[PDB]
file input00.txt (compact mmCIF, C-alpha atoms)
# COMPACT_ATOMS: atom_id res chain seq x y z
CA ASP A 396 49.84 5.39 6.64
CA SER A 397 47.95 4.92 3.37
CA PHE A 398 45.98 2.08 1.77
CA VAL A 399 42.72 1.23 0.00
CA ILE A 400 39.70 -0.70 1.32
CA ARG A 401 36.02 -1.16 0.53
CA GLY A 402 33.19 1.04 1.74
CA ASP A 403 31.87 -1.24 4.48
CA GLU A 404 35.28 -1.83 6.07
CA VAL A 405 36.06 1.79 7.02
CA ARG A 406 34.12 1.34 10.26
CA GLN A 407 36.73 -1.21 11.36
CA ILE A 408 39.49 1.46 11.29
CA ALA A 409 39.08 2.77 14.83
CA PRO A 410 40.78 2.21 18.19
CA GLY A 411 39.50 -0.79 20.10
CA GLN A 412 37.66 -2.22 17.10
CA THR A 413 37.16 -5.87 16.23
CA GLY A 414 36.39 -7.37 12.85
CA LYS A 415 38.29 -8.78 9.88
CA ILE A 416 40.58 -6.03 8.63
CA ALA A 417 41.12 -4.57 12.11
CA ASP A 418 42.68 -7.80 13.42
CA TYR A 419 44.29 -9.41 10.35
CA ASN A 420 45.50 -6.48 8.23
CA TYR A 421 45.86 -3.28 10.28
CA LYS A 422 45.53 -2.99 14.06
CA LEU A 423 45.33 0.34 15.87
CA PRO A 424 46.29 0.79 19.54
CA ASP A 425 43.47 1.31 22.00
CA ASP A 426 44.91 4.65 23.18
CA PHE A 427 45.52 5.89 19.64
CA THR A 428 45.93 9.62 19.18
CA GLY A 429 45.64 11.07 15.72
CA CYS A 430 43.14 11.21 12.90
CA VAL A 431 41.73 9.06 10.10
CA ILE A 432 40.81 10.25 6.59
CA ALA A 433 38.72 8.33 4.06
CA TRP A 434 37.55 9.41 0.61
CA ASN A 435 36.04 7.87 -2.50
CA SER A 436 38.01 6.47 -5.43
CA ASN A 437 35.36 4.58 -7.40
CA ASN A 438 35.95 6.87 -10.38
CA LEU A 439 39.74 6.39 -10.26
CA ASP A 440 40.62 3.16 -8.44
CA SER A 441 37.76 1.06 -9.89
CA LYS A 442 38.36 -0.74 -13.19
CA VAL A 443 35.76 -1.99 -15.66
CA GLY A 444 37.95 -5.07 -16.17
CA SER B 938 29.84 -17.71 89.26
CA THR B 939 28.37 -14.55 87.76
CA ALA B 940 29.08 -13.85 84.10
CA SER B 941 28.84 -10.61 82.10
CA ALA B 942 31.09 -8.82 84.61
CA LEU B 943 33.76 -8.26 81.94
CA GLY B 944 31.64 -6.54 79.33
CA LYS B 945 34.32 -4.08 78.25
CA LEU B 946 37.01 -6.52 77.16
CA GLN B 947 34.52 -8.80 75.43
CA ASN B 948 33.09 -5.74 73.72
CA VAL B 949 36.51 -4.76 72.40
CA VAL B 950 37.14 -8.25 71.05
CA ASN B 951 33.73 -8.38 69.39
CA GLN B 952 34.17 -4.97 67.77
CA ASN B 953 37.51 -5.91 66.23
CA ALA B 954 36.20 -9.23 64.94
CA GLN B 955 33.05 -7.70 63.47
CA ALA B 956 34.96 -4.96 61.65
CA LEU B 957 37.34 -7.47 60.10
CA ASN B 958 34.48 -9.78 59.15
CA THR B 959 32.51 -7.10 57.34
CA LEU B 960 35.63 -5.91 55.54
CA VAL B 961 36.08 -9.43 54.18
CA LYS B 962 32.38 -9.76 53.36
CA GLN B 963 32.54 -6.63 51.22
CA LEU B 964 34.44 -8.57 48.53
CA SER B 965 31.26 -10.22 47.28
CA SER B 966 29.50 -6.98 46.35
CA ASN B 967 28.88 -5.79 42.80
CA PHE B 968 29.18 -1.98 42.98
CA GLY B 969 27.19 -1.76 39.76
CA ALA B 970 29.46 -3.92 37.61
CA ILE B 971 28.27 -7.06 35.84
CA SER B 972 29.95 -9.51 38.22
CA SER B 973 31.83 -9.64 41.50
CA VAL B 974 34.77 -11.72 40.20
CA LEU B 975 37.52 -10.48 37.90
CA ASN B 976 37.91 -13.77 36.04
CA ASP B 977 34.39 -13.74 34.59
CA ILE B 978 34.65 -10.11 33.52
CA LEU B 979 37.98 -10.81 31.84
CA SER B 980 36.80 -14.00 30.15
CA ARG B 981 33.44 -12.68 28.92
CA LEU B 982 34.31 -9.27 27.45
CA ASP B 983 36.85 -7.50 25.28
CA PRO B 984 39.23 -5.00 26.94
CA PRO B 985 37.41 -1.75 26.02
CA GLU B 986 34.56 -2.23 28.53

call {"tool": "encode", "arguments": {"input": "input00.txt", "output": "structure tokens"}}
result
Amino acid sequence: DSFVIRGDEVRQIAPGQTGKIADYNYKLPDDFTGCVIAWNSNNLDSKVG
Amino acid sequence: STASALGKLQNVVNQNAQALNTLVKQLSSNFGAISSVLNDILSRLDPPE
């Protein structure tokens, strides 16, 4: 599963986490098994306009 | 006239009653949790802890 979010919000992407994105956009199960990958895109996904 | 001639049967009755009573009394203990009642724990914390 792929998407884009800000720098501060990546901490919300974890099992048993509460916040704003974790409960209204993407919710992970408490007993999640797997892995999470996050990398920077400020030089590609950020626009001057 | 004389009492305390039937110590054995009274002793048996007392032992049974005392064991049951302490078993019931053990419900109020904490065992290191934050409270002795499930409702408060459920209504004051999120699932993870």

call {"tool": "interface_residues", "arguments": {"input": "input00.txt", "of": "chain B", "to": "chain A", "cutoff": "9 Å", "atoms": "all atoms listed in the file", "output": "MDAnalysis selection string"}}
result
chainID B and resid 983:985

call {"tool": "write_last_selection", "arguments": {"input": "input00.txt", "atoms": "C-alpha atoms", "output": "PDB file, keeping the file's coordinate frame"}}
result
ATOM      1  CA  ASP B 983      36.850  -7.500  25.280  1.00  0.00           C
ATOM      2  CA  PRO B 984      39.230  -5.000  26.940  1.00  0.00           C
ATOM      3  CA  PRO B 985      37.410  -1.750  26.020  1.00  0.00           C
TER       4      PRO B 985
END

call {"tool": "atom_distance", "arguments": {"input": "input00.txt", "atom1": "CA of residue 396 in chain A", "atom2": "CA of residue 409 in chain A"}}
result
13.8 Å

call {"tool": "closest_residue", "arguments": {"input": "input00.txt", "among": "A:429, A:415, A:437, A:421", "to": "residue 402 in chain A", "atoms": "only C-alpha atoms"}}
result
A:437

call {"tool": "atom_distance", "arguments": {"input": "input00.txt", "atom1": "CA of residue 961 in chain B", "atom2": "CA of residue 981 in chain B"}}
result
25.6 Å
